[PDB]
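*Asks:* The structure's right below; bear with me while I get my questions together.
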Number of protein chains: 2
Amino acid sequence: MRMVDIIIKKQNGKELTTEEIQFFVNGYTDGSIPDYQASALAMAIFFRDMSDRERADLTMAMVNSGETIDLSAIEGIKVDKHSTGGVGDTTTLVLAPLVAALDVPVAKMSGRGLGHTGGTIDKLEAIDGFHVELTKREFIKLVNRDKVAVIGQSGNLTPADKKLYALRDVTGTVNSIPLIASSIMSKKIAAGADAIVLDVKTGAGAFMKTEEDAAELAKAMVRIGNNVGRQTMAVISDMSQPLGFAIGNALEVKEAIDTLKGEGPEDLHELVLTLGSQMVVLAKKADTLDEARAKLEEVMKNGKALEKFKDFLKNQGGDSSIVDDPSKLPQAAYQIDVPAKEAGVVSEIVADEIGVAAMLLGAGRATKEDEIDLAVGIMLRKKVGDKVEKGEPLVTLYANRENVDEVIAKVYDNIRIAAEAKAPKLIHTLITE
Amino acid sequence: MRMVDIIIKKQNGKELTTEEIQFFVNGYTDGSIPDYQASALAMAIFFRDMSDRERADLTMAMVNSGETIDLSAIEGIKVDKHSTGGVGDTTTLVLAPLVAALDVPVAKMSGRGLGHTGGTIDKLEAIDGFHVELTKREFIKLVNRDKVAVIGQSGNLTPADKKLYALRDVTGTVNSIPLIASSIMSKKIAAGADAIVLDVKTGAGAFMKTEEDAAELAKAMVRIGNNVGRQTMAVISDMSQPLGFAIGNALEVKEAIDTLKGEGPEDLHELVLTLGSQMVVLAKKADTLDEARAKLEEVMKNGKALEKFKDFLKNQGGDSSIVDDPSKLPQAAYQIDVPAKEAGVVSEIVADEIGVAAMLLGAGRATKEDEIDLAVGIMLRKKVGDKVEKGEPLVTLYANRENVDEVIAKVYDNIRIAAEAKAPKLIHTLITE
Ligand code: NA
């Protein structure tokens, strides 16, 4: 009735009103408005775009479509990192302890979910005894005291976004700057964050396939965050190749422990710092990025970041001695190398497919009620740019299974070697203002 | 997925192939493809548009989506006319006998439908005893014998177009040159016509409301016709004001009778000849529009037009004495003049709203559950660009009801008077080749 007019407005490129947008969102949420109108409207948006102002109102409408987490009791400026997927991305594990060591409040809400590897709870619960068996008041007290904690995600956060994305996927309206940017910021504002850091991924193995688009989507999200009082910043990092060497769960925790001691991979280290700096700044604990970086690099060297991880673990029941002795983490039975069939420099490592290969070991959930094996995964022995002689291992598979032929195969199909090869820029672009 | 890829292809301005299009049409018709995909696709069509090849494939996809009538048993080239909706339009009542009298096979398929006045069949009810339904044999016999017959559109001709229209209407994708050009041509090609004449309206009333867009839609529909070998021509006629004086059913039959004697209103007469000329040329009963026109004007003055009308009425049970004696047509109870409040020239007769006013007397159907009163209607006393004194009748309301104050008010509010005015050119342009 009124939807059809809003669609036609949108066709002509007319900037919708706050109430018009809220009518669609709530009408679509409660089942008043059917999906053929929603999809029609989604495509209309795809072509004629939305203003910075329509974005901010759409974003906020989706927040209010379901529950809103109030973290007013938690003290300080709580900054929340969002990443746009990334194979082997260990930043979340490192960042929460690292940033809390500088008295920045980290109120993590995380899950398990489906993917190449497990969620942050899955990965953390490889630390013997660790749990999220705790209330909201327990959660609030721990963040106020030790500046870090993690609970499970709530059920009903932005059910508008859930249904919209699902429609967008099956109508090809996913790739839209206003819809993506709103969809993301909505989940993070509903989750109760004050400020937000974004890790928008780019490269051959990324959702925003080009840096042109990456920087635009990121810029769109900053301006949304600023237009609703949520100071936002953004990194454009590369994901043509997996981040670090560890692709797994126990493997990635081991790698997080290394980076917490200043002993991480070149790439994971750098990204952790860049992202960490943005957070530390967003909670008024430094003036500029370099000072934050210095402070963060100090707490790596201090072992204070590392002790903040142990505190955090023992606060939630995890055996903190496992941080000191990583070999206590669940071990894989078999340890199988994948040797180069060729000499040269490693030119290409198809991130997602290496991710898939690790999933095939048991490391992630292909379906709703699959079970993760925390021990299994892939440790990269070479990165894009390293030399390699025929027979030298590119990769070591970690399995509780003798037969890994399908996995070895997927590794070879997705690691190319050439005469020369230059590793892409990891950190492309930061967006502050 | 398939459909998603088809949608995305179109998003990027790629030409759909023939198989993709059939898959969609067959899929959406049978129920495989859901409504939200269909709506997202049409919205993609709307923006990126299609090519002549795609339009042709879409058209024919829609033709084959249901049953097809095969008039091959009727000898000669069976040309058919389609008008894009016009208030007071009686050209079909005139053309069918007028062109059949020149030995052009009119195998007309018409419907009742909703709107301002009733359809062609509704109008033909006014001659008592006339009926629409007789057999496909009785249809084929009568056209070979007398070159003229009218039956109902029945079953599912273009079931894809039935469903997709409703979708386009309720999703705001009705105004797309590809979609309507196909929608029109499909239903016509499906009805068994060899050649097609299109009366594409323009002006205040009618869906297309500019001479540029009207020609664009026509040139598209002609091209599709020539592409599929169904030789097609078009008339761009004006419809900012109603056609002739008579707006109704019994009233429009009377007006069509006058026109058949060459005693019609100027505009109706001119539109008839232009449309007729085209039909005669497409039927190979003249080499020249000039020649064709002349034959049609001879047959009007002869009586041969009017005798063919009588023949046609007798063939389908109609009391053909009503032609010779108009007062036999169902008369109206009341006959109210609407006096002008102002001296001047009549500048504006808002065609669609006058059609509504006539509807409010009982001459059309707002909803499917209404019944037409055939007696009622509106006789215009002035056309745009006529001098009118204060107190002179602009309009006469033929009613079967005493209180008609809303109808009077609507007439006043949709007929403006000014110092000077000229009506548009009736015949704007023609698409011959
Ligand atoms: Na890693």
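Note that Cβ sites are derived from N, Cα and C of the backbone, with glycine treated the same way.
Taken from Swiss-Prot, the feature phosphate binding site covers A:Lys81, A:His82, A:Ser83, A:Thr92, A:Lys108, A:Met109, A:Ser110, A:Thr120. Summarising the annotation, Swiss-Prot assigns K(+) binding site to A:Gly88, A:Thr90, A:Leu243, A:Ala246, A:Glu255. Here Swiss-Prot flags A:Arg168, A:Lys187 as substrate binding site, drawing on similarity to another entry.
Tell me about the surroundings of these features in the structure.
*Replies:* For A:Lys81 (phosphate binding site), the Cβ neighbour count at a 10 Å cut-off comes to 22, with all displayed protein chains included.
Of all Cβ atoms in the protein chains displayed, 26 besides its own lie within 10 Å of the Cβ of A:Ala246 (K(+) binding site).
Around the Cβ of A:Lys187 (substrate binding site), a 10 Å sphere holds 20 further Cβ atoms from the protein chains shown.
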*Asks:* Give the subset of the binding-site residues A:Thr90, A:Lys187, A:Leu243 lying near ligand 1, defined as CB under 6 A from any of its atoms.
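*Replies:* By the Cβ criterion, which requires under 6 Å to ligand 1, the hits are A:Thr90, A:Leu243.
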*Asks:* If one measures from the C-alpha of A:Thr90 (K(+) binding site) to the C-alpha of A:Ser83 (phosphate binding site), what distance in angstrom results, rounded to a whole number?
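*Replies:* Per the Cα atoms, A:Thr90 (K(+) binding site) and A:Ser83 (phosphate binding site) stand 11 Å apart.
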*Asks:* At the Cα level, what's the spacing in Å between A:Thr92 (phosphate binding site) and A:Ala246 (K(+) binding site), rounded?
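*Replies:* Cα of A:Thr92 (phosphate binding site) to Cα of A:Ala246 (K(+) binding site) measures 14 Å after rounding.
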*Asks:* Have a look around A:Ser83 (phosphate binding site) and count the other CB atoms within 10 A of its CB, chains all included.
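*Replies:* So the number of other Cβ atoms within 10 Å of A:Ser83 (phosphate binding site) is 19.
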*Asks:* Across all chains shown, how many C-beta atoms besides its own are within 10 angstroms of the C-beta of A:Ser110 (phosphate binding site)?
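*Replies:* If we count other Cβ atoms within 10 Å of A:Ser110 (phosphate binding site), we arrive at 18.
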*Asks:* Would you count the other C-beta atoms found within 10 angstroms of the C-beta of A:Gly88 (K(+) binding site) for me?
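*Replies:* Summing over all protein chains shown, A:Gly88 (K(+) binding site) has 29 other Cβ atoms within 10 Å.
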*Asks:* Most Cβ neighbours within 10 Å: which of the binding-site residues A:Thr90, A:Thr92, A:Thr120 is it?
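*Replies:* Top count of Cβ atoms within 10 Å goes to A:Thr90.
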*Asks:* Around the phosphate site recorded as A:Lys81, A:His82, A:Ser83, A:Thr92, A:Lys108, A:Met109, A:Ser110, A:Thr120, what other same-chain residues have a C-beta within 8 angstroms of the site's C-beta center?
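*Replies:* Residues close to the phosphate site, other than A:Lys81, A:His82, A:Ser83, A:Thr92, A:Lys108, A:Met109, A:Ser110, A:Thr120: A:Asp80, A:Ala96.
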*Asks:* Using the alpha carbons only, what distance in Å do you get between A:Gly88 (K(+) binding site) and A:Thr120 (phosphate binding site) once rounded?
*Replies:* 12
